[PDB]
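Below you'll find only one chain, the form deposited in one PDB entry, shown as C-alpha cells.
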C-alpha cells in the first residue's frame, strides 16, 4: 500500500493530532490516535471537535486517507478546504494522489518553508530518516552539539512540527538510511540548493566516514575548504571519542572473546560484532554441529530463536536501547554481554530429569543423600564470614529464638506452648505476620503444669528454655493421671540466635522424643520443612509429594494451622500426635534447609532411615533435584504436569532474563532464606552487592555475592547504596526509603505491611515462576 509509508513517516510527529478517516482495521500527543467512527461531513465534525478539545496542545492536524476511505472516494482535499477556514490550526491532507514519495511530497508542499527559524546558526543540518528508536538520535545529538553543528530538523524523530517547518534554511541534508525519502532530498536540492549526503551512523568506521563527509561539505558551504574549521574540529572530537569508547569497550571485549554468532544495516552490525571479537559463522541439528553462542537475527523471528535455547539479540525497530554513536554501541556491547554471559543458559541447556541416564540420576540422588553429612561435617570455626565487631546494634533483624520455637510448636495439633507478660511480644509479631490467633500461655512448676493440663486437656506440652528434667519427672510422678501427655523441652544455647536456630532446636527436640521406631511403611516420607517456608509452600510440598504416590508426614505442619482457616486455648490445625509417632516408620526423611540437617541425623542414628537434603526449592536445577529424589524414592516416573510446568518456567526465565541482567541487589534475610534467594537471583543474572545474614550459618562464604557479612538492617543502608533491589522483611522499608530504592521485595518474617505474605508460594516450578515474575515486575515498575 502507500498510506503505510506516509503513516510510518508522519505519525511519529509528536505535537500534532492524527485523524485517520475510516476503520481501525487497516489502522506526547503522538500516542493519541484519532479514528473517525466507521463521510466528509462527519470528518468536518471530527476536525472541528478535535481542534476545539485539544487546542493549546496541538499545533497541526494530519488527515490520513485509508484503503477503506479511498474506496469511498471522499476527497480529503475538499474537507480540508471547507474546514481550515474555521479552525486555524494547520490541517495537512494526506491523500492517495515507494510510500515515502507521498510523505516527502506532502511535507514539502505543505509543511516545509512555512516559518523562518528562530535561531539559525552557522552550521544547521537536517537529519532525514531518524526515527529516534530508543534514543539513537539522542546518542548523536551531544556529538553534534560539541562539534558546533545545529540539528534544525529531525524528520520522524523527536520531531516537533515547528522544528519541521524550518528545513528551508539549512546547508546539508543527511539521509540516515531510510533512503526512499531520497526524492525529498533531491527535490529540496533543486528548489532550496541543499546538498544531500547518505550516511550511516552505526559503528565507529561508518560514524567516522559520516563525520568526515559532513565536515567537508559544511566547510564548503560555510567558509571554504580553505581555512577548514570543521575538518580540524571533527578530527579532534573523533580522536578523543574513539579513545574513550575503546577504553570503555575493553572490559566487554574481554568477556565477549571467542564467542560464535550466527547472523540470519547488515554490514554495520557485522563489523560491530567483529570489533567486539565475535566470530560470525554465517535447523536444530545444524546448530548442534555449529555450536553457536549467539543469534543476531534481529528480525521478528525472535520467538523461534528464543525457543531454540540460545542467546538471541535483536537489531530492528523493536529494540529498547540506543545503538547509534559511541554511547549507542557501548550500549550494544553491554546488551550483548548481558544476553550472552547470562548464567541461565548453561542451566537451560542441561539435561531434563526424565532424559538423564540412570547413572546420572543415581549420582544426583547420592548428593541429595549426602547433603546432611556434608552440612554436619562443616564446622563453623574455619568460616571466613565476618563476626560482627560492633557494640550497639540498631534495627536488629535478629528475632528471638523463642519466636522460632513458637512457630514450630504452632504446627502441632492440640499443643500447649509454655514459655519459662514478657511472652506477649512473640504473640503479636507472629499474629501480625499470619493474621491469626496464637496460643503462648506462659508460667509452683508442677502446680501450674497440673493446672493447665486439666484446664485445656492437651495431648502435648511444649516447654522452651534458654540457658529441670527432675521437675518434669516430678510433675509426672506427683500425678500419673497426666503421665500420657508428652512434654517436649527445647533449649537454645546462647540467646545469641534468630528464629532459625530456635526452630531447628525445637524441631530436633520433637524428633528425638515423639517418634517411635517400627517397621518401614513404603510410600511414607517424613518432611521436615524449614522456617523460611510459608504455609503455602508447605501445602505445595505436600501436593508435590502426593502427586508421586507418597504419603507426606510434615513436622511441623503450619500449612493448616497458621494459614487462613476458620476455638480452643490450644493450637489446632497442625499435625496430630499419631502422625508424628508413626513418622518414625517412614522410608526416607526430606528436609528443606541446611539448619535442619542435624534434625535429620537425629532420626538417622535413631532408626536408620536415609536422609535427603535440599537447600532450596526455588530455581530450575534445585526443583529438578527434588523431583529426581522424589522419583527415586517413589519408584514412579515424574508426572507430566511437572514436565509442562518445567517448560513454562524455562520460557519465563528466557523471557525475563533481560530485566534481571546486571542489576544490583542487596539481600538481608536469615540464613536459609538468604541462601535460597541469593542463589536464585545470582543464577538469574543479578549482581548481588551485599549479603547480610542474621546469624553465622554454614556455607555463607560460598554464596555468589561480592560482600557477605553478618549484620543488622543499618549495615543494610550502609551497604545497599546503589542497589536496584532490596530483599528483606518489612523492617527493610527503613533502609529503602532512606536510600531511595523503590524496589523492595518482602521476604521472611516479619512481613506486616502487605497482605498475603504467608500465602506467597515460591516452591517448585510454579513457585519459581511466581517469584521470577514478582521480581521482574518490581524491576519493570521502578525503571
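Numbering follows the first chain given and starts at 1. Each form is matched to the other, and the largest set of C-alpha atoms that superpose within 1.5 Å is called the rigid core.
Quick note: we don't show the form deposited in another entry, though the next part is all about it.
K.L.:
Any idea which of 513, 183, 393, 576 has its C-alpha shifted 2 Å or more between the shown form and the other one with the rigid core fixed?
P.N.:
Single residue meeting the criterion: 183.
K.L.:
After a rigid core superposition, would you say the CA of residue 290 moves by 2 angstroms or more between the shown form and the other one, or not?
P.N.:
Superposed on the core, residue 290 moves its C-alpha 2 Å or more between the shown form and the other one.
K.L.:
Is residue 318 among the residues whose Cα moves by 2 Å or more between the shown form and the other one after superposition of the rigid core?
P.N.:
Passes the 2 Å threshold, so yes.
K.L.:
Does residue 586 show a Cα shift reaching 2 Å between the shown form and the other one after rigid-core superposition?
P.N.:
Shift at residue 586: below 2 Å after core fit.
K.L.:
Specify closer or farther for residue 773 and residue 299: how their Cα atoms are spaced in the other entry versus the shown form, given a shift of 3 angstroms or more.
P.N.:
Relative to the shown form, the pair is closer.
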